[PDB]
Number of protein chains: 6
Amino acid sequence: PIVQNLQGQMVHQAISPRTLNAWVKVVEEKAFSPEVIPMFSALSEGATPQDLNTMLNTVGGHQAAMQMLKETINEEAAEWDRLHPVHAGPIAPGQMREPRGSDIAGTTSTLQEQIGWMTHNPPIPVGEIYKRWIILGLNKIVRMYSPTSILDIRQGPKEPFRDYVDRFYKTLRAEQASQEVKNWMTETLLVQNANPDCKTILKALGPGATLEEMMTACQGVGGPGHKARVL
Amino acid sequence: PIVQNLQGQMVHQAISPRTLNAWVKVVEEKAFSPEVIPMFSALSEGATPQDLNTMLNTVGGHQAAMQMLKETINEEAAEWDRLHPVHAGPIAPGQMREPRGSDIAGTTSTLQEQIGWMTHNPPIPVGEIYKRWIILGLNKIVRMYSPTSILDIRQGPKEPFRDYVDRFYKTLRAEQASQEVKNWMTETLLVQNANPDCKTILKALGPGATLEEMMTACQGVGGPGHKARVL
Amino acid sequence: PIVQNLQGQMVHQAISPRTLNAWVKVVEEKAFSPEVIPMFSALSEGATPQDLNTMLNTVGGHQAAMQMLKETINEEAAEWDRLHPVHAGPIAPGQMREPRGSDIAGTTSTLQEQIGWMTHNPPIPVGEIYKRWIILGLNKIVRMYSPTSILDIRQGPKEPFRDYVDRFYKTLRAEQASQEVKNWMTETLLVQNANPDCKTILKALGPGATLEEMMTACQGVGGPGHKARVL
Amino acid sequence: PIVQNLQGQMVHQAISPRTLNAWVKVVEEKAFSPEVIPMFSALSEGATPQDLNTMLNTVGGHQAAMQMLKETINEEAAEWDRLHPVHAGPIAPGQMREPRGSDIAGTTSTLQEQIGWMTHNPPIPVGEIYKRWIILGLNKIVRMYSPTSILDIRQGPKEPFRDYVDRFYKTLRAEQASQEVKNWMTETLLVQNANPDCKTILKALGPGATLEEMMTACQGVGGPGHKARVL
Amino acid sequence: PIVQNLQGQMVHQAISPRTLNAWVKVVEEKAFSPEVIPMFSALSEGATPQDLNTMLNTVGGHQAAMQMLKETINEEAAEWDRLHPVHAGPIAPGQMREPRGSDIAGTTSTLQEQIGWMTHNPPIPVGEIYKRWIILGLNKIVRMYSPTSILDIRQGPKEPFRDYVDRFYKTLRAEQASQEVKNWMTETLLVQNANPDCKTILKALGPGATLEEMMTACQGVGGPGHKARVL
Amino acid sequence: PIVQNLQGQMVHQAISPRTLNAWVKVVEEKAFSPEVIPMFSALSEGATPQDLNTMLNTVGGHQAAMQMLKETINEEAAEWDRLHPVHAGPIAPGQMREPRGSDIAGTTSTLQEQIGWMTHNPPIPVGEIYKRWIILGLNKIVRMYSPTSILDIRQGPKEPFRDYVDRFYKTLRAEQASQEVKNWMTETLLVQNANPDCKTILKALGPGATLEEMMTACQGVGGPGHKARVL
């Protein structure tokens, strides 16, 4: 991708072999996890569509997910092109006739063509646009991996608090829906998806407070609660 | 590879030792996989034929595939020599020589002259055509590797949807077919080779469905397709 | 991150992939160990909010632990809005407008604007205050140590003195108590939970002796307070 | 070795420890293998004689092979100082002294003087000459490697076609003979060493059929072959 | 740590992650080895107190030894405040403010003043003395660690000279006492704790032998089954 | 050590910590191997005495041998102080004072003064001399290690030529003598130390023809003994 700023005009150099092997190893290890989504954003330095396309094409065993990602990139590009078409038709010389929705994608554009519009005129955010579509596609494809929905969490009699809290927050990481609505729901959910003993501990603590105080109380007990009568 | 722009005129630099170690290791771990074909394109940076030639020479286990690759390069070089512009016998003074089919290869050319025809007069696509000829050879190698075929992927009685479509996508890489063909065959084949239970779910959805719509529906249905007409 | 000043005005460099890979591997093997708290402080180079948040966002299974830390940051941001200077809405011309509690976090602040107020006019310590709140969140991570209490330690009869010293130091990493209390407690508690066989030596050495003097004497007693062979 | 053109006049650079350890590992794991011959030329960032002499001296176990190679270099040096343009003793003061055959090597030449004949006046290609002599010694070493004969690569009754091909390519890289002669022999060898059932399909395809054509026929038949024809 | 002079006046750079990961690895591999002490001196380049404290604070297993080292830093700082470069009453403003024993420490010095007095005024060895105090603490740790102390090392009935001398030099690395006494005891101790079979050979060489002379003489004795040949 | 050329005049940097760790790991995995001796020259990125001395000081393993090497250097420095240019003692004001024989070594030398005599006027070759002395000491360590000398090793009765020749060449590396003596000896040695089985083919080869001719003939023999060959 296009790198460096300090020594003058930015230079195009491919991603490091260590970085490429690290990317391949990360998806070999963590394949469908949503924890890989910010990792992809971290390696998107210089955001260059052809290099990003090449990074996308160099994936290992879980390649079916990347074929699904291609459908989203095509759909999103078509949406963007139809949303913005005002510049279409005749435009004066000295300009490079500006990228269309399909020109954003490295698969349908040439390398010299891409670099020019990111630095010879007021920079087009093509890498940023392509990156958000890929991040959006990554958010969409992790839905297929999902083994449990928010109200599908069922807790047995001998399950420990540590497993219950970890299961819920991992399940909640695949939501994407409104944060305010999620907090509001979460407060009711913890008591409802609990087992009798855990439910007794949550009921004992009563309404109010924050996660830290509830965690501090749960920490004092640990494991699968206590067994003696509450009335 | 020949590289440098910002600092001034390009210079032929040495190949990274990490890149050669990575190429040899990638061959040791996964040589026959179609995921390695984009990796070769990615690491073909600065395209010097002599440097590119080292990759074919350094290959271990799959030497027979590399031998076919050398034969393929000669046949494409023969097409370049005889069907593409042959060019005149007389050569003007000062000219850097427009390469013949034998001049492309590092074993029948010398490095300073090889650099010369890519850097003195306007660019000649010697690196790009050599990359393409190697890629054409790589595209044929997966045909000879394939242990199964696209219509030999049949969903068994209790086989889940993800494994079945993973198998279909993995063997699809081996056919080397056009985007038009992939687009028009994908719609019918998944339903056709499906088991009765899975086919019943897919059949119900019918005409007018996109791949994402079908995949989204499959996530809600789950497993090998749940049995018909008993609910 | 933000680097350079004397050798050229500051460049907005991204976090190293090598440090992210180390962070991913350290959390995987060392979990919530006290040793990672100075490592995180060191790795938070330049402390830019959006960039620093990427380390928190790239955490795997431990999403619930991250949620408590994220809640602590929101709690501290709310504390800043309420108990630290309010800041008037009307601001003089040619200003960038000083951060409110929400502005300090990368969620609602714009990266370009955030960089602008951090250094283009006399430095606002936004990264340093944000980093201190994250360290405060890491000071609450010690409450995830199941049944760990220094008052609950007991040295068994066949347990070596070195193992007991190691246990005492390991649980002493979870302190969260004032130095005066620690100084008083250490003298009496260490003798109290020590095994009788080596407790006799601690009693023999008696008051006044320092940690160095106790350790020097305790190397010579061997195993649980007496054992055969020195080789 | 000596490198640098764009930023001035060549400066001496020390060999990389990562590369040196990689050379040691390749020497340990691929010790006498024919695939090391392109690697040595590929990973040598300028064939400076003294630096190349260090590479020969850093061998572990198979010192005997390196001493045979060193003697081969001494023979080549002597032929160069006899059969090639020999430099006569009388000279007019002001030359940097045209090297003698043994001076091509780092053992009778001083490093400052050696770099001097590579930079002071028109360069003498001493590094390339030394590298070619090393390649001649490596050609001797691959004949010492050989623990079988191309005529002794017989495919057994239960041995697969790919194992026969694997063994055949392993011994082929050590065969050192003219390609035109080898290609005529290759037709004979194919039916000479193939097992009855495999030999049956090879005979059916017949001469004038490329390696790809034979692979296509053999791939369909599969394994060590089977009775009659595989349908 | 601090670096740079020719390109511009000193800049305080971040600690290397390779150094920190290496420090964790070395501690895991060989926590108490006396080869760690010069390695720590090599890794401590630039000698910045906060960066030096980062190494102390990241130790896992033998953190108890590091806590004794923390006491040692305070103990030497107390001596330094008392007897070395003492500061009296309030001094005239516009100065570094004549460092006290506490000021040397990372916990009592801010980044601005610690690097400030080093880059504005002529360089002061505050980092160098802090490093020397840490080394003094490391020297205490090896002295405490010692399993066998000086006279303990001896040669058994069947023990080779090779193992006996190896144990003596291992013991001498953790010795931490006067060099003059060490030079003197080296002359007699080796003979005294030797087995009669080897002891007579050592005495037969005559008083006054060097380590080289003793090693050369011991080559004739060597390994297992050392039957004397002195007459 | 002092390094840097293109970015301006020499700067005193430090050896990379990955390389310093690798040096320790080489000592751990290859304690007495002769391969290490040229590696020291290769890794020497600036020959500054203190940095080189630090590498010697980071040795754990074979410390008894290392102390003999260090004392050898100290004694060779003393030899320089009497046989080589000792100098009168006095020196002119406004000069870098010129190093005395002992002070070539790190023990009585300080870094600013040491750098000054390698900067101000044509460098005093203290690094080359110190490096040369270390190589002289390294040669002693392999010589001290030696299990058997050249005339103490013969080919065993069931031993093959390859194993004996490997033992001979490996052994010869540490037997410290002139190149001519080794050459002159080698011609006689093979004939006299051959076993009864292998002597038959070696005597058949006879005088005139060199080792390459003998080794080429012996490749086809079949290992040890002369069993009646089948295939």
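Here are the numbers for this structure:
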| read-out | value |
| --- | --- |
| Inter-chain shielding of E:45-51 (mean C-beta neighbours from other protein chains, 10 Å cut-off) | 1 |
| Point-to-point label distance, A:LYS70-D:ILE135, nm (Cα→Cβ direction, 7 Å offset) | 4.1 nm |
| Degrees between helix C:63-83 axis and first principal axis of chain C (Cα, 0 to 90, nearest 10) | 60 degrees |
| Three-way shape label, the range C:148-221, alpha-carbon gyration tensor, a/c 1.5 | oblate |
| CD proxy at 222 nm, helix term only [per DSSP H run n ≥ 4: -39500 (n - 2.57); per residue of chain D; nearest 500] | -16500 deg cm²/dmol |
| Quotient of Cα Rg and 2.2 N^0.38 Å for the range F:1-147, N being how many residues it contains | 1.11 |
| Local electrostatic count, D:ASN121, Cβ distance below 11 Å [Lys/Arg +1, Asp/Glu -1] | 0 |
| For the range D:1-67, projected area of the alpha-carbon convex hull averaged over all directions, nm² | 5.0 nm² |
| Point-charge dipole on Cβ atoms (K/R +1, D/E -1) for the range B:1-147, about Cα centre, debye to 20 | 160 debye |
| Using a Förster distance of 35 Å, the FRET efficiency for D:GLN9-A:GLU98 (Cβ separation, nearest 0.05) | 0.15 |
| Using alpha-carbon coordinates, inclination of helix A:179-192 to the longest axis of chain A, degrees | 30 degrees |
| Ranked B:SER16, D:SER44, criterion: other C-beta atoms within 10 Å, fewest first | B:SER16, D:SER44 |
| Radius 15 Å from Cβ of F:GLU76, net charge of other residues (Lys, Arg +1; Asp, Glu -1) | -1 |
| In degrees, nearest ten, helix E:17-30 long axis to first principal axis of chain E (Cα) | 30 degrees |
| Most mobile of E:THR216, E:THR108, E:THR54 in a GNM of chain E (Cα contacts under 10 Å) | E:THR216 |
| Residues in the range D:111-153 reached by a label modelled at F:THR216 [backbone nitrogen below 16 Å; 7 Å Cα→Cβ] | D:136-146 |
| Under the Karplus curve 6.51 cos²θ - 1.76 cosθ + 1.60, θ = phi - 60°, whole-Hz ³J(HN,Hα) for the range F:107-124, x wherever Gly or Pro sits | 3, 10, 10, 10, 4, 4, 5, 4, 4, x, 6, 9, 10, 4, 9, x, x, 6 |
| Selected from E:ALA209, E:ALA194, E:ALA78 as most flexible by GNM, with chain E as the system and alpha-carbon contacts under 10 Å | E:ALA209 |
| Cβ-defined net charge surrounding A:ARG173, 14 Å radius [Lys, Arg +1; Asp, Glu -1] | +3 |
| Hydrodynamic radius (Kirkwood) for the range B:96-171, which is based on Cα pairs only, to one decimal in Å | 16.3 Å |
| Spacing of the two label points (7 Å from each Cα toward its C-beta) at F:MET185 and B:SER178, in nm | 7.6 nm |
| Neighbour-count ranking [beta-carbon atoms within 10 angstrom, fewest first] of C:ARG154, E:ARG229 | E:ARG229, C:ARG154 |
| The protein assembly as shown: Cα Rg divided by the 2.2 N^0.38 Å rule of thumb | 1.08 |
| Which of B:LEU190, B:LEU231, B:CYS218, positive extreme of dipole for the range B:148-231 (C-beta unit charges) | B:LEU231 |
| Gap separating the Cα centres of the range B:30-89 and the range C:34-78, nearest whole Å | 48 Å |
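In this analysis, Cβ positions are derived from the backbone assuming ideal geometry, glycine residues included, and neighbour counts consider all displayed protein chains. No value in this document is a laboratory result; all are computed from the given coordinates.
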